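I have placed the structure first, in the form of structure tokens, so that the comments after it can refer back to it.
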Amino acid sequence: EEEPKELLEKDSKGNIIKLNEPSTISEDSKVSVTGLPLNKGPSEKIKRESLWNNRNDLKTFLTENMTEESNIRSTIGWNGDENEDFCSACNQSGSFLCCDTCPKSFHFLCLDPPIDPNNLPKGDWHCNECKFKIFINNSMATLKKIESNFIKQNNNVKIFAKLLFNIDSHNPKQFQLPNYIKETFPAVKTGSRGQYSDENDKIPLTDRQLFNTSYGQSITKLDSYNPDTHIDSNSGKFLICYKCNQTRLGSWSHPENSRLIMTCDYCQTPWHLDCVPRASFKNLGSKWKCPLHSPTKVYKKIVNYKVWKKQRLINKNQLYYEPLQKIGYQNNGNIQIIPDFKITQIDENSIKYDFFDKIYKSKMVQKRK
Amino acid sequence: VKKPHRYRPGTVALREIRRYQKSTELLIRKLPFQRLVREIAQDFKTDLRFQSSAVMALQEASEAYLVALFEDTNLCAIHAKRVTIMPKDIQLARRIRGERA
Amino acid sequence: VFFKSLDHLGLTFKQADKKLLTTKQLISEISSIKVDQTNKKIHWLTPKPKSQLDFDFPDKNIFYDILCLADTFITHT
Amino acid sequence: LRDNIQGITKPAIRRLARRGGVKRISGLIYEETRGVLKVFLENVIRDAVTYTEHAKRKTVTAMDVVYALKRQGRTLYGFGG
DNA sequence: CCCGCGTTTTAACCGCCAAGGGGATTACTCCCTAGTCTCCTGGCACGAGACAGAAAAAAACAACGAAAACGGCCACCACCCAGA
DNA sequence: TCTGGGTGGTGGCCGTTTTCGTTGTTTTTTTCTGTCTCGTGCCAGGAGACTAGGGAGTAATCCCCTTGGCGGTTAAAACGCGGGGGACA
Ligand SMILES: [Zn+2]
Ligand SMILES: [Zn+2]
Ligand SMILES: [Zn+2]
Ligand SMILES: [Zn+2]
């Protein structure tokens with residue numbers, strides 16, 4: 001191995017009269033071409049597989065002599081004016097300041113205080129647990145002599161004494177609701193890394209359903225008449241769209257007459273993509289909802305941007321206290337149609353009368369004006 | 001209030017032993033083994049073709065060798081006063097056979 | 001590979017023909033047009049439709065080509 | 001062809017063990033068996049491909065496999081030879 | 001930790017179609033190998049001689065096994081702090 | 001002022017370290033002997049030169065079967081729950 005000579009290789013007094021070009025050898029035969037090295041022609045295999053078994057007209061050099069350096073517009077610069085692979089705090093992946101002592105690992109923005117990646121304390125960093133381990137020596141008598149003293153010095157809040165005490169010995173932890181509150185709402189469900197999901201989120205598709213589907217399958221229900229199976233699978237009947245009131249599939253000899261149809265994720269009502277104006281099947285993200293369902297957020301302007309949300313579904317804690325019906329009985333919006341988060345039970349005729357008198361007494365009020 | 005009919009652990013294992021010592025059909029699925037054979041051969045020569053008979057011969061030889069190896073492995077496992085075969089048993093069988101160094 | 005690359009609806013063809021050119025699909029299309037008419041019978045005029053396909057043959061002299069192809073196949077089978 | 005050794009599923013190894021008279025199988029046995037099978041196939045197919053190359057053929061014939069096995073001391077009957 | 005049983009999912013298996021790479025064979029021709037006579041020089045057998053190594057005796061040292069010392073843990077006593 | 005709890009010091013017991021002598025083995029210098037290596041001579045196996053024949057190389061043809069792909073059925077593989085019997089300390 002010849003030494004990496006400094007090319008200039010000055011001879012007498014820095015005259016650099018003699019040079020020594022570096023040996024290339026490498027950066028050559030590099031085999032980084034998307035094929036074989038750039039200085040070599042196509043391989044015999046590629047040849048066999050691939051083969052099939054006027055410079056005077058170049059008006060390119062005449063470009064520098066017709067390109068005019070252009071400087072208009074502002075142009076003044078407008079001068080002026082071993083170690084864990086998941087974060088032990090949030091249980092996710094990323095860059096980590098692995099502890100020299102503890103096997104646990106944290107993000108840089110999950111520690112306490114958060115630490116800037118470029119402004120690390122460097123040297124050796126200990127987690128709260130190992131700091132406490134070395135501060136306590138793991139024996140119980142000294143820990144007692146320390147913690148009882150802490151409690152004594154915190155008599156003003158002795159009621160909270162040990163809660164205050166135990167914080168110091170705990171590493172930072174991402175906040176997550178305990179299960180005894182999420183369970184109150186059966187609809188909700190945690191995600192893969194805490195992506196807190198609801199009933200409105202579509203079940204994720206697998207790689208088999210996206211990356212392996214052949215030409216004409218998956219999101220590819222846009223490339224062929226192949227998915228003519230917009231026929232009701234369970235019954236074998238035709239999925240009829242709610243608006244046009246017909247199913248369009250044309251023929252294999254007239255695929256241009258077919259119209260895409262989709263079934264709502266919530267209530268399996270078929271809709272034409274061209275009837276509910278849409279450009280694609282969902283297949284991803286959230287669950288599609290017809291334009292035929294009742295609103296959840298009812299943003300109202302009377303600005304008076306008063307919000308109305310439908311109470312989240314409660315565990316079967318849920319109450320349905322029966323009305324005596326007729327007008328009044330102002331529920332917020334919650335209803336359970338029947339033949340403290342109390343889902344009111346409005347039956348059928350009450351709605352009729354309530355709408356009837358709403359619109360009529362409003363028209364008489366308009367008369368009042 | 002009824003309980004299903006769960007066979008005691010080790011019963012269905014013995015039934016399977018009897019069934020598979022009684023029969024002769026190949027136990028490894030054919031397509032996965034063919035794919036494995038081609039993948040292994042890809043490291044010795046590219047664009048190789050295999051006679052179906054060649055793949056079948058390889059499968060028969062491999063299955064016979066594995067069955068004999070498992071017989072020896074079971075013998076070693078029993079020698080250690082065990083009933084379960086463990087990787088150390090296979091290693092000892094191969095070492096005594098002279099296959100593994 | 002060039003002209004093949006631009007052959008989207010033709011590379012899947014020859015497999016979609018096998019599926020969609022069959023008895024089941026052929027009755028399915030006609031039955032569906034009939035169902036659409038009967039749905040605009042449930043929700044639109046009841047009596048009117050007396051057909052569901054309108055196959056047209058503007059050009060003669062194609063029948064003879066179909067017959068020639070059939071004859072060739074017959075002679076080959 | 002990638003990750004085809006896992007094509008020798010756990011139940012297939014279980015069946016092979018049962019034919020071998022094994023009643024109880026440890027969980028770690030499957031990976032060890034896959035490794036052993038890979039070694040055996042590598043040893044056999046090496047010689048089979050050597051025979052194929054010597055014959056100046058692009059196709060590995062069953063007789064090449066039979067010769068390879070006979071060379072290794074595992075004579076196989078029923079495929080010629 | 002592994003067997004057993006049960007839903008649930010995957011892909012193996014079958015069968016059927018289309019394509020052509022390459023196995024297998026045939027015919028032609030020549031270049032390579034067998035065969036043979038004559039020539040000789042490399043390899044073998046025999047003899048010899050001497051130094052590499054076996055042996056050996058003695059010393060050095062390098063693994064095996066007891067009581068004292070040091071350190072750690074447990075128990076008891078003394079002192080200090082906290083509670084009654 | 002008395003009793004209980006905790007800390008500090010002292011004593012006792014256990015574990016570890018060292019500390020020592022004892023055999024056993026390794027190393028070192030001297031001796032000497034017999035097998036390894038070299039030389040000599042002969043001969044027979046290898047080389048050289050030449051002829052003859054056919055085994056195999058090479059081109060051309062063809063017809064098998066190996067590859068690829070595609071769809072339908074469903075058998076098998078996977079994943080999970082649960083318990084108990086086997087590993088193992
Ligand atoms: Zn984090
Ligand atoms: Zn730490
Ligand atoms: Zn809907
Ligand atoms: Zn529509």
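Side-chain atoms are counted along with the backbone in the values below, which use heavy atoms only and exclude waters and symmetry mates. Each chain gets a letter, A, B and so on, in the order the sequences are listed, and its residues count up from 1.
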Report, one pair per line, the protein and nucleotides 76-80 of chain F atoms (nitrogen or oxygen only) whose separation is under 3.5 Å.
unit_1	atom_1	unit_2	atom_2	d
F:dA77	OP1	D:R15	NH1	2.9
F:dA77	OP1	D:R15	NH2	2.5
F:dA77	OP2	D:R15	NH1	3.1

Contact list (N/O, under 3.5 angstrom) for nucleotides 86-89 of chain F vs protein:
unit_1	atom_1	unit_2	atom_2	d
F:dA87	OP1	B:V83	N	2.6
F:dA87	OP1	B:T84	N	3.1

Name the pairs: protein N/O against N/O of nucleotides 25-27 of chain E, kept only if under 3.5 Å.
none

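Nucleotide E:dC5 carries a south-puckered sugar, as indicated by a negative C1'-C2'-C3'-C4' torsion.
Classification of the A:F132-A:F165 ring pair by plane angle, with boundaries at 30° and 60°, yields perpendicular.
Judged by the 6.0 Å and 45° rule, D:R57 forms no cation-pi pair with D:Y51. Figure legend: cation-pi geometry between A:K162 and A:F150 absent, as NZ or CZ is not positioned both under 6.0 Å from the six-membered ring centre and within 45° of its axis.
A salt bridge between D:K38 and B:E39 is present, with a side-chain N of the basic residue lying under 4.0 Å from a carboxylate O of the acidic one. Contact check on A:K104 versus A:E84 returns no salt bridge, with no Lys/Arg side-chain nitrogen under 4.0 Å from an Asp/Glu carboxylate oxygen.
Shown here, F:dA89 forms no base pair; nothing in the strands shown gives a Watson-Crick or G-U wobble contact with both key distances under 3.5 Å. In this structure, F:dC32 forms a base pair with E:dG53, meeting either the Watson-Crick or the G-U wobble geometry with both donor-acceptor distances under 3.5 Å. Figure legend. E:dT7 is base-paired to F:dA78; pairs are counted as Watson-Crick or G-U wobble with both atom distances under 3.5 Å. Base pairing of E:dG83: its partner is F:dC2, meeting the Watson-Crick or G-U wobble criterion (both donor-acceptor distances under 3.5 Å). In a base pair of the Watson-Crick type (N1 to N3 plus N6-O4 or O6-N4) or a G-U wobble (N1-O2 and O6-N3), with each distance short of 3.5 Å, F:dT37 is matched with E:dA48.
Atom NZ of D:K58 is separated from atom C1' of E:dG23 by 12 Å (rounded to the nearest Å). Computed from coordinates, the A:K144 NZ to E:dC81 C1' distance equals 14 Å when rounded to whole Å. Atom NE2 in B:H5 sits roughly 16 Å away from atom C1' in E:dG6 (whole-Å rounding). The distance from atom NZ of C:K14 to atom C1' of E:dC16 is 15 Å, rounded to the nearest whole Å. If you take CG of D:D64 and P of E:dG22, they are 15 Å apart, rounded to a whole angstrom. Computed from coordinates, the A:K145 NZ to F:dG6 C1' distance equals 4 Å when rounded to whole Å. Taking atom CG of D:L28 as the reference point, atom P of E:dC3 lies 12 Å away to the nearest angstrom. Remark: P of E:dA11 and CD1 of D:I8 are 15 Å apart, rounded to the nearest angstrom.
With A:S224 contributing its side chain and A:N226 its backbone, the two residues share no donor-acceptor pair below 3.5 Å.
Remark: B:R8 is in phosphate contact with F:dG85, judged by side-chain N or O atoms under 4.0 Å from OP1 or OP2. Phosphate contact (OP1/OP2 of F:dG84, side-chain N/O of B:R6, threshold under 4.0 Å): absent.
At a threshold of 4.0 angstrom between heavy atoms, the contacts of A:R48 with the nucleic acid are absent. Using a 4.0 Å heavy-atom cutoff across all strands shown, A:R208 reaches at least one base atom of the nucleic acid. Counting non-hydrogen atoms under 4.0 angstrom, D:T61 reaches nothing in the nucleic acid.
The B:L31 side chain lies nearest to E:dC13 when the options are E:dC13, E:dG4, E:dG22.
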- Task: Classify every nucleotide of nucleotides 61-71 of chain F by which part a protein heavy atom approaches to under 4.0 Å, writing B for the base, S for the sugar-phosphate alone and - for neither, in 5'-to-3' order.
- Result: -----BS--SS
- Applying salt bridge (charged side-chain N to carboxylate O under 4.0 Å, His left out), run through D:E31 and D:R34 and close with a yes or a no. CA-CA 5 Å; D:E31 202 61 55; D:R34 289 199 197 82; 3.4 Å; yes
- I would like to know whether B:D89 and B:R82 meet salt bridge (charged side-chain N to carboxylate O under 4.0 Å, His left out); could you show each step before the answer? CA-CA 10 Å; B:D89 306 313; B:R82 280 188 276 99; 2.6 Å; yes
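Scanning for ring pair (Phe, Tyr, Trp, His ring centres under 6.0 Å) contacts around D:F79 gives an empty result, with sequence neighbours left out.
Checking A:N234 against A:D232 by side-chain atom types alone, a donor-acceptor pair falls below 3.5 Å. Side-chain contact, B:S62 with B:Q59: no donor N or O sits under 3.5 Å from an acceptor N or O. A donor and an acceptor atom, one from each side chain of C:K24 and C:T22, are located under 3.5 Å apart. Side-chain atoms of B:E25 and B:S23 include a donor-acceptor pair closer than 3.5 Å.
Nucleotides F:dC20 and E:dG65 fail to qualify as a pair under the Watson-Crick or G-U wobble definition, as the contacts are not both shorter than 3.5 Å.
Residue pairs that meet the side chain to side chain donor-acceptor pair (under 3.5 Å) test with at least one member in residues 68-77 of chain C, sequence neighbours left out, are C:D71-C:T75.
Side-chain contact between A:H254 and A:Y225 is absent, with no heavy atoms from C-beta onward closer than 4.5 Å.
Side chain D:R57 to base E:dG23: no donor-acceptor pair is found below 3.5 Å.
If A:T206 and B:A13 are placed on DNA chain E by their nearest nucleotide, the residue sitting closer to the 5' end is B:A13.
Aromatic ring centres of C:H8 and A:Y215 lie closer together than 6.0 Å.
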